[PDB]
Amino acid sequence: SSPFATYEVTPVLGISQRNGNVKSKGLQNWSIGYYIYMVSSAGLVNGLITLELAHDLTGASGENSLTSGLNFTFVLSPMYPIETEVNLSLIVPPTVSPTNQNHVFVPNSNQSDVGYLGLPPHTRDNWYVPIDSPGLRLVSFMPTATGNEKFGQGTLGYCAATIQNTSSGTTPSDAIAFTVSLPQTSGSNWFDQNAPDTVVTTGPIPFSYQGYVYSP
């Protein structure tokens, strides 16, 4: 019997089925493709997150990706759907091994001491996380885009988050916030025309945090 707990989530048709949701810095809701794989070893979680945007984004009148960059937040509630109430980024249910060991991947209470990132409970609410938010663990990477779209050095910030003011009045388990900045060097305005074939990926970004201990 495996000593590991595992967590895997991606759209049923894979990362190119962009049916997740991210909150932009402009408070727009963007479609996202995601692939997340995490392994728990004696309560320590190591993970990889991949996020893919298509060139179909909504920005403000006169806003240009070439000046603003692509800045957005993905939030994972590992207890979903054992806890059904919170799913900001509209994930499908994860594959968890063993079955229903989702709580193993909830960030431990010590992942948010002194202060904590607090988020509202609904996809429509304002849960954009600034890239310089207190508590973020910061990672650097070069994204990859199709054709003539060129992106500079990207940043991901991640941390535990508490979800506040749920409709039921029940305290949800903690979530993990992933906030991304992709500065754009050249190409087109990602906020203007729908170009569904034109895609940028973060590639698989590593992260690590403390959850709860799985023991077989």
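Note that residue numbering begins at 1 and tracks the sequence as displayed.
- Stretches compared: 120 to 128, 136 to 144. Higher mean C-alpha B-factor in the entry: 120 to 128.
- In this entry, the higher average B-factor at the C-alpha atoms falls on 107 to 115, of the pair 107 to 115 and 70 to 78.
- Of the residues listed, 44, 36, 163, 32, the entry assigns the biggest Cα temperature factor to 163.
- Out of 50, 40, 155, 58, the entry records its largest CA B-factor for 58.
- When the modelled residues of the chain are ordered by C-alpha B-factor, residue 206 sits in the lowest third.
- Ranked by Cα temperature factor within the chain, residue 191 sits in the highest third according to the deposited record.
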